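Have a look below at one chain only, the form deposited in one PDB entry, in structure tokens format.
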């Protein structure tokens, strides 16, 4: 599988583990451990993606200047979307760390449920953008 895909898969599986909100997850969410590891996984996926596009660019079919330039900007938007989705997840995980502190020891069972449901929507979005971005790259 492409390198960029294997890197995204690592970000994906790590995130599917955090969605469980098991005991260790929670322990790691009240540090910055989780958001640091995610961020690292994210940055590796984007690096590989940028290198894969650059290589693919060595073996195109040549088309109208107008056509290529468009395809390239549409690919660059989709790459952006991926990155921002990854950030939006890392973001929500910060917010939760804070909310927990703001509770002052009280039960976080409610915060957990709401986090779980929102994380799931953010992951749904990430997956959709990854799929779209994959479909664009194979046209390339």
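Residue numbers count along the first chain shown, from 1.
Heads up, the form solved in complex with a small molecule isn't pictured, but that's what we're talking about next.
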message: Would all three of 29, 96 and 98 be in contact with the small molecule in the entry with it bound, where contact means some heavy atom lies within 4.5 Å?
response: no
query: Wondering, does residue 21 line up within 4.5 Å of the small molecule in the entry with it bound on heavy atoms?
result: no
task: Look up in the entry with it bound whether residue 12 has a non-hydrogen atom within 4.5 angstroms of the small molecule, and give yes or no.
output: yes
- prompt: Is residue 25 one of the residues lying within 4.5 Å of the small molecule in the entry with it bound, judged by heavy atom distances?
  reply: no
- request: Check whether residue 127 has any heavy atom within 4.5 Å of a heavy atom of the small molecule in the entry with it bound, and answer yes or no.
  value: yes
